[PDB]
């Protein structure tokens, strides 16, 4: 029927003066554009078909050509930026917005998906979608008493598009737009479908990526407890964005950080710090590094929850990137912690795995480690145990690693090494 038409025929039919010939060629185009290996998007664009497609969006009298041209356009809009641009340039954005209120759910859904791909392309288009007024009719589609009545795929599409309106930076989305979408986002975050949950979490993790004021608008809606609950999901696609949102939040103030701790976050971290998926373990250790950068009573909760031996663990054996996150966690802990907390850290076994990392050929981790070693001696000098410490470090090959660092490209490293040898050794 409409399968494997040539571009030339599609053009011939869409140009005819026959609504039905056009409908038939438009469907042909959509099937061509829907093929999986190398769909001829640029050939379609070159033939000048986008303006014609955009006009069919307005044919309210012919519902099926609306759907078909919507789907065709959608396929193109899901390609490169240049391709997405051609769709926007054809004037698709207000036309798609008008279709959100289509009586046919298939058509309105298709518009949702298309606005999703356009906003998702980048900041400028995101903000252009918003200016043309997309947010209200998108939100209106979710104004039902119970989200469970909505079609499963329909609801996944809306959540996904909403998350693209939250998605990029430089600039971050308009404050006024974020405040408008957030209440519905809080609600989706409570909906019982794994995909809606994942997408909602991604949205929140976009909105929490930035300055503390941004973090505050989110934290103020009270989602932190639901984020922590989702942190313990079995589904890795829910846990990955939940962990990102949580990690973003603890880069903010001490008070925003305390919210995460109070919600029970720290109880999930023994799993997260030993998680078999390498990126979850990396994210969890980074998150820990921002927590040890906080208050002394916050360091104490890390301590109280038994997470210090997990940090020793990560430092001892992990992906190198995760180990560097572990280094930062320790330098932060040591610089801001009390003497008793630094003493405990050494009692848990921090020194040897710390020294083994001096071997690493990465200049900035070495300074982080040196930074941390110094902070520990400073605790020891308050207790006059600097000597006993020296021996620990010397027993586990720590000095051979420290002495070797003078013969080193960087001399902020050599100067840090230098000082340590004189001040605390013979």
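Residue numbers count along the first chain shown, from 1.
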Query raised in the report: If you average the CA temperature factors over each stretch, which comes out higher, 110-118 or 314-322?
Result: 314-322
Query raised in the report: Do the CA atoms of 350-358 or those of 260-268 have the higher mean B-factor in the entry?
Result: 350-358
Query raised in the report: Going by the entry, which of 54, 372, 28, 45 has the most elevated CA B factor?
Result: 372
Report summary line: Looking only at 192, 226, 163, 285, the Cα with the top B-factor belongs to 192
Query raised in the report: Lowest, middle or highest third: where is residue 79 by Cα B-factor in its chain?
Result: highest
Query raised in the report: When the modelled residues of the chain are sorted by Cα temperature factor, does residue 244 land in the lowest, middle or highest third?
Result: middle
Query - Relative C-alpha B-factor of residue 278, binned into the chain's lowest, middle or highest third - result: lowest
Query - Cα B factor band for residue 24 (lowest, middle or highest third within the chain) - result: middle
Report summary line: Assert third(CA B-factor, residue 71) within chain per record equals lowest
